[PDB]
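As structure tokens, one chain now follows by itself in the form solved without this ligand.
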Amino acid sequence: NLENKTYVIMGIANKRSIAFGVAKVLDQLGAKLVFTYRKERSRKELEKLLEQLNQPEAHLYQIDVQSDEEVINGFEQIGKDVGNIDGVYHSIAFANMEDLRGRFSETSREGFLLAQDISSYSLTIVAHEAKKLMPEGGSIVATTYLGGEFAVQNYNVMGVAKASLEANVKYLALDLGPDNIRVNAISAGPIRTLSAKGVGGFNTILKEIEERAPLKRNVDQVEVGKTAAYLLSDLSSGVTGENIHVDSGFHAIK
């Protein structure tokens, strides 16, 4: 029951974004929501998508995580429009496509530092800024993948980028824990999102999950969302620095 609660959701591109699953679940549970976006596709788009929700008013902010200025000013503006918040759902990453379908040993320095910047550092800077709006504490969640933990074929540079995120979570949880702010991750199983298009060896995973994972099925964005409701609410008080696998138990098998 999330009435009276306010969350910022970052990383909705369209109806298939993991973050849209998050949105729908907190909306249903009565949370006030705030959204951020990178460009103008996610802009008109988002507006249309929020007609699916039950938000009295549309708080959207253009934040590109590569600018410190846009993250600092963006969160400050959110503060001025909606007051204090109770949490942030981080759902932002990027790797160059070429770096995923070539050999990991061939990853450019640019492609590598690029994926670090967007997929991992974003969360540090966003967490420093969002902290200003959480005086009595709150909850930050980020979205990761098992490739951060073990080497998965063709995940490559994004795997290194998610290992970095998952350690980010750990260091943020210990830094902000005394300020009563919890920092956790959701390691989601593979889902058919926009970024999932044209990635090498992706749709073979969906299949292998079906055959091998304890639950013999794949997950969906609404499943990630539910666990997100958990991590973002007081139900998870006491739980921080953690990584919850919403993945049909694929993580627990070899």
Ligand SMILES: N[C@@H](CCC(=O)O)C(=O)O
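Here, rigid core means the biggest group of C-alpha atoms that superpose within 1.5 Å across both forms. Residues carry their position along the shown sequence, with the first being 1.
- In 9 other deposited structures of this protein, superposed by the rigid core, the C-alpha atoms of 155 to 163 lie farther from the shown form than the other of 155 to 163 and 78 to 86.
- Note on 39 to 47 and 58 to 66: with rigid core alignment, C-alpha atoms in 9 other deposited structures of this protein sit farther from this form for 39 to 47.
- Remark: stretch with higher mean C-alpha B factor among 166 to 174 and 111 to 119 is 111 to 119.
- For the two regions 188 to 196 and 218 to 226, the entry's Cα B-factors average higher over 188 to 196.
- Among the modelled residues of the chain, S91 sits in the middle third by CA temperature factor in this PDB entry.
- Per the PDB record, residue ranking by Cα B-factor puts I253 in the middle third of the chain.
- Per the deposited record, the Cα B-factor of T144 falls in the lowest third when ranked against the other modelled residues of its chain.
- Ranked against the other modelled residues of its chain, the C-alpha B-factor of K132 as given in the entry falls in the middle third.
- In the deposited entry, the Cα temperature factor of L26 sits in the bottom third of values across the chain's modelled residues.
The same protein also exists as the form solved in complex with this ligand; that form is not shown, yet it is the one meant from here on.
- Contact annotation: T204 falls within 4.5 Å of this ligand in the bound PDB entry, judged by heavy atom distances.
- Using a 4.5 angstroms limit between non-hydrogen atoms, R101 touches this ligand in the bound PDB entry.
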